[PDB]
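>>> Dropping in the first section of the assembly, placed as in the complex:
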Amino acid sequence: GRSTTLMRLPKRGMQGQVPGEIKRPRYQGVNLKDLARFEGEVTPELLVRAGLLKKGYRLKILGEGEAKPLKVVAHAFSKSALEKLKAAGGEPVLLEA
Amino acid sequence: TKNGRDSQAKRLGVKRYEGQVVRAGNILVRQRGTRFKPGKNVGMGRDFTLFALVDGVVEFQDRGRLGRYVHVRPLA
Amino acid sequence: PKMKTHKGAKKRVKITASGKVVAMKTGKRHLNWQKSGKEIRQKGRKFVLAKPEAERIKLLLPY
Amino acid sequence: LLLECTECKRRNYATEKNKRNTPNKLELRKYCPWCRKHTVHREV
C-alpha cells in the first residue's frame, strides 16, 4: 500500500533502445577440462555436435583442467588457457573473413 | 493542546560488559558524553563511541577524580 | 499463462550465481549536496537483501 | 548557497558550500584530484 520496495534503483545502463538489440558475436566459455575428456582434434564442429556449444556463435576454450595433446580450433583462447595447450599441443585460432 | 512530541529512542549505554570476549572493533559502549573514558586498547569516535582496538576481554576501572575507564586486556 | 518477467525489477536487480539478489545502494542521486566522502563511497557498492530477496526472485523467474 | 569547486587545467569538481552575502566571494582552497596529486581548486 506504501512505496513498494521499488525504492531500489536501476543502475542497469544500456537497458534498452528503440531499434532494440545489437547483433554482436557471442562467445561460449568452454573449459579445457571437459575438452580433455575426449581426444583427437577439437573444433567448434565437434563441441556443438555433442557437448557444450549449442549453436553459440563462437567458441573460446579456457580455464581449469589439464590439457591433452591435440589441435584445438577455437575463436578465442584465454591467456591462461593458451598456456596449458601450448605445453602439449597446437593453438589453431579462429577464422577471420 | 500542543505537546505530543518526542524524538525516537537512541538505545545507548553499555553495549559490552566486563568479562566478554571481543573481536577487533566491536563498539564497547555508546554514550551521550564522557560517561565512560577510553583506556588500554580502546578508542573513541565523534559521538564518544567506545570501541575495541584489539581482541580480548573488556574490563572496567573506576578512578574517582579521573572517572570511569574501560579497556580490553589482549590475549591469545 | 507463462508468467511474464517483471521488467521493472529486472531493470534494477541482478540475481547472483548462487541464489542471492543484488542491487545498488539507495539515496545517492538526489539528496546529495555535500555528504561525507564516506557516504558517497559507501553508496557506490551493491548489497544483498533478506526475505523480500525471495519475493523478487519470484519475478525474474524465466530470466 | 551551493558551491562547486573546479580543478586547474582539468575537469574535476568537488562538494562545497559558499556563503551568499557573508564575507566570502571566491574560493582558492587547495585540493586533491585523481589525475596526479594536489592542485589548487578555484570556485567557478
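Yep, that arrived. Numbering: from 1, shown residues only, chains lettered A, B, ... in the order given.

>>> Without its sequence neighbours, what residue ends up closest to residue D:29?
The shortest distance from residue D:29 to any non-neighbouring residue, by CB to CB, 6 or more residues apart in numbering or on different chains, is to residue D:41 (6.2 Å). C-beta here means a position set from N, CA and C on the backbone, and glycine is covered the same way.

>>> Using the three-state scheme, assign the one you found.
strand (DSSP: H, G, I helix; E, B strand; the rest coil).

>>> Beta-bridge partners for it, please?
Under the criterion DSSP bridges, residue D:41 forms beta bridges with residue D:7.

>>> Please name the spatially closest residue to whichever residue of chain A sits closest to chain D (chain neighbours excluded).
Nearest to chain D, among the residues of chain A, is residue A:9, at 20.5 Å (CB to the nearest CB). Among residues not flanking residue A:9 along the chain, residue C:24 sits closest, at 5.6 Å (CB to CB, 6+ apart).

>>> give the contact list for that neighbour.
A:8, A:9, A:11, C:12, C:46 (CB atoms under 8 Å, 6 or more residues apart in numbering or on different chains).

>>> let's see it at 6 Å
The neighbours of residue C:24, taking CB atoms under 6 Å, 6 or more residues apart in numbering or on different chains as the test, are A:9, A:11, C:46.

>>> List buried members of those residues by neighbour count.
For the contacts of residue C:24, a burial check counting by 16 or more other CB atoms under 10 Å in any protein chain shown picks out residue A:9.

>>> Tell me which of the contacts of residue C:24 fall in strands.
Counting by DSSP state E, those place residue C:46 in strands.

>>> RNA strand E should go on the structure too:
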RNA sequence: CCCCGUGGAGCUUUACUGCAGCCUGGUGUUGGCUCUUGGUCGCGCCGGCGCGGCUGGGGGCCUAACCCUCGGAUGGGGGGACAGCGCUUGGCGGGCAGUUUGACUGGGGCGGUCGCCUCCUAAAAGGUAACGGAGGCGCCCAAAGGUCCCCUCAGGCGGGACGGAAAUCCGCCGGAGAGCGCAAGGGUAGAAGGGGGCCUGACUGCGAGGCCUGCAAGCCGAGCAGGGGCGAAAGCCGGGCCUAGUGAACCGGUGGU
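RNA strand E, in position alongside the others:
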C-alpha cells in the same frame, strides 16, 4: 438517522482535465486592373531615379470562382475573392463529459496534529501508549575548521577619574554554579573553553569489525595504499563537544571518462 467503504449517483463553481460551441493568424478553394510605402535581382543615371517577374502590407474599382435571388435563365440582378467550407495556430469555453475533494479522532464535523531532536511519563538493561506534561529543528561557520604553542571562568568581598547591582584594572577567596554558535540533555578547565603561529585531512581509492534494525535506512570505525598539512618528535587531521538542520525511486538539467 449516525459512521465506515480510497462504493454509486444527481447537482455547483474562479476544483483538475478535456469536448462541443464561438473568436482568431497562416494556407487551400482564390482571380483581374490601379494608386501608395518597404524589400529584391539586372541594367540606364549621380543611399536615391526609370523598367519587368516576384512580391509583404494598406486604400480603391472590377467579375468570372463562391453565396443570395429573379416569370426553370447556355442568362439578368445583388454580394464578391469577402463570406462559406477543408487543413493548421492560439484563445474564451460547467453548455457538456470524466474524475479528484487524506488520515488520526473516547461517533463524526469544527478545532488541533502529521517528519526530525531534547527532557519527563518509562516501573534503576534495552523497548514501551494516550487529542499525557514541556521545549526546539527545516540552519549557522574559511573561521566558529586542522594542527602547534600559550593562557583558564562565572561569582562573592575589598579598592579605584567618567561608570559601580553589571564596562575596564589590581588583589584575596573562588572545582566548576561560566563558556562550549542555537532547544534541552549528557559531557567537559588533567578542555571540548579563551588566544596566537603556520595551514586547508569541509582529501582520493578503500574498509577488519560492530551498534541499531522487519525491509530499506541511519551510526561508530582501527588499519591499508596514494599524495599532503601542522609539530623537534612520539603523533594528530577523512570538518565543527556530542544527540536535529531533512527526502527512496522515477523523469529531467549542467560538467566530464
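
>>> once more on the contacts of residue C:24, this time with RNA strand E?
Residue C:24 neighbours (CB under 6 Å, 6+ apart): A:9, A:11, C:46.

>>> Kindly report the same for residue D:37.
Residue D:37 neighbours (CB under 6 Å, 6+ apart): none.

>>> For it, which three-state class applies?
Looking at residue D:37 with three-state DSSP, the answer is coil.

>>> and the gap between it and chain C?
16 Å (CB to the nearest CB, to the nearest Å).

>>> and if you look at residue A:33?
Distance, residue A:33 to chain C, by CB to the nearest CB: 18 Å.

>>> Same check on residue B:67?
30 Å.

>>> What residues are bridge-paired with that residue?
residue B:63.

>>> For chain A, which segments are assigned as strands?
Along chain A, the stretches classed as strands by DSSP E are A:27-31, A:41-42, A:58-62, A:71-72, A:76-77.

>>> sorry, back to before: I'd like to know which of the contacts of residue C:24 is nearest to RNA strand E.
residue A:9 (3.3 Å; CB to the nearest atom of the strand).

>>> which ones are touching residue C:51?
Applying CB under 6 Å, 6+ apart to residue C:51 gives no contacts.

>>> how about the nearest residue to residue 15, chain neighbours excluded?
Just going to use chain A. residue C:11 is the one closest to residue A:15 (CB to CB, 6+ apart), at 5.2 Å.

>>> meant chain D, my bad for not saying
With CB to CB, 6+ apart as the criterion, residue D:15 has its nearest non-adjacent residue at 4.0 Å, and that residue is residue C:34.

>>> burial count for the nearest residue to residue A:47 once chain neighbours are set aside?
Take residue A:47 and drop its neighbours on the chain: the residue closest to it by CB to CB, 6+ apart is residue A:53, 4.3 Å away. Look at residue A:53: counted by other CB atoms under 10 Å in any protein chain shown, it has 17 neighbours.

>>> put RNA strand F on too:
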RNA sequence: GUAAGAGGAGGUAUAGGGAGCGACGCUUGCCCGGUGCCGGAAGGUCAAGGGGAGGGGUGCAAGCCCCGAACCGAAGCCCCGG
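Let me add RNA strand F to what's already shown:
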C-alpha cells in the same frame, strides 16, 4: 441537426429571441474598487507561420542535412474608459 435542412416566419424592430419583476397607486436613493458586459486604429505581452545574423553534423568536393538571434506575425489577457 454531422449535414442537407427545419423552427423562427411565408414574420421584419409597434417584430422575433433571452432575463428579471409581476394588476393597479406612490416610489425605486448612494457605491464602477473586484466580477460581468460594452467601447478604445496607441502601447505591453502572445501562436503557427515569414525571416535568417550566427552555429553544427557529414563528405576529396560541388552538396545534403540540422540547430538559431534581431525583425514582421491575430484573437486573448494587461492597460484606458462606460
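
>>> can you check the contacts of residue C:24 again with RNA strand F included?
Taking CB under 6 Å, 6+ apart, one finds A:9, A:11, C:46 in contact with residue C:24.

>>> and if you look at residue B:70?
Neighbour list for residue B:70: B:36, B:39, B:42, B:60 [criterion: CB under 6 Å, 6+ apart].

>>> what sits against the last one?
What it means is residue B:60. With CB under 6 Å, 6+ apart, residue B:60 has these contacts: B:18, B:70.

>>> what about the strand or helix carrying it and RNA strand E, any contact?
Using DSSP states H and E, residue B:60 maps to strand B:56-63. No: Strand B:56-63 stays clear of RNA strand E (CB under 7 Å from any atom of the strand), getting no nearer than 9.1 Å.

>>> same deal with stretch B:16-23?
Yes: judged by CB under 7 Å from any atom of the strand, stretch B:16-23 and RNA strand E are in contact via residue B:23.

>>> so how many other residues sit close to the nearest residue to residue B:76 once chain neighbours are set aside?
Leaving aside its sequence neighbours, residue B:76 sits nearest to residue B:55 (CB to CB, 6+ apart; 6.9 Å). The local packing of residue B:55 (other CB under 10 Å) involves 16 other residues.

>>> where's residue B:55 relative to RNA strand E, distance?
Taking CB to the nearest atom of the strand, to the nearest Å as the measure, residue B:55 falls 9 Å from RNA strand E.

>>> Would you mind giving both backbone torsions of that residue?
The phi/psi pair for residue B:55 (degrees, to the nearest 10) reads phi -100, psi 140.

>>> ok, it touching residue B:26?
No: at 9.3 Å, residue B:55 does not count as touching residue B:26 under the criterion of CB atoms under 6 Å.

>>> Perfect, I'm done here.
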